[PDB]
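Order of the sequence lines fixes the chain letters, A, B, ..., with proteins taken first and strands second; residue numbering starts at 1 for each chain.
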Amino acid sequence: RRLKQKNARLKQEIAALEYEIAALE
Amino acid sequence: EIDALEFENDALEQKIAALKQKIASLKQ
């Protein structure tokens with residue numbers, strides 16, 4: 001389903017960004 | 001019905017924009 005796929009990818013993107021934030025600090 | 005995942009997806013996008021901004025800031 002469109003919305004479940006976009007949900008899973010929004011989560012993966014937030015994960016990548018919190019990873020970089022932690023690397024940057 | 002606006003689905004419960006549209007709610008959750010729209011909150012997740014907000015969160016994304018806010019993390020990008022924080023990363024923009026840490027680099028400055």
Side-chain angles (χ1 to χ4, degrees):
Chain A
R1 211 297 186 271
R2 279 166 218 255
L3 283 186
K4 289 182 144 230
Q5 284 165 1
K6 188 197 289 65
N7 189 70
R9 324 221 210 176
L10 292 173
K11 281 162 176 173
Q12 295 188 328
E13 158 97 288
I14 275 158
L17 297 165
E18 285 158 346
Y19 196 114
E20 183 177 6
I21 288 174
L24 285 177
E25 279 164 348
Chain B
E1 134 167 288
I2 298 166
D3 200 66
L5 271 35
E6 175 72 11
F7 283 103
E8 182 184 308
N9 293 174
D10 281 5
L12 305 175
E13 300 199 50
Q14 164 144 312
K15 175 148 194 217
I16 284 169
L19 304 156
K20 289 182 180 323
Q21 214 173 306
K22 169 135 210 58
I23 288 166
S25 137
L26 274 349
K27 309 167 108 180
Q28 209 150 299

What distance do A/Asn7 atom CG and A/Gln12 atom CD have between them, rounded to the nearest 0.5 Å?
10.0 Å

Spatial distance of atom CD (A/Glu18) from atom CD1 (B/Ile16) [nearest 0.5 Å]
10.0 Å

Contacts of A/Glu25 meeting side-chain contact (heavy atoms from CB on, under 4.5 Å) (sequence neighbours excluded), chain-then-number -> A/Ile21, B/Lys22, B/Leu26

Smallest separation among heavy atoms of B/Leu12 and A/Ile14, with atom names:
O-CD1, 3.3 Å

Could you see if A/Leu10 belongs to whatever hydrophobic cluster contains B/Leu5? Use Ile, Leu, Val, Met, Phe, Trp, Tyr and a side-chain cutoff under 4.5 Å.
no

Quick one: hydrophobic cluster around B/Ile2, which other residues, with the 4.5 Å side-chain cut-off, linked directly or via members?
B/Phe7

Considering only residues two or more places apart or on different chains, which pairs with a residue in residues 1-12 of chain A satisfy salt bridge (charged side-chain N to carboxylate O under 4.0 Å, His left out)?
A/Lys11-B/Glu8

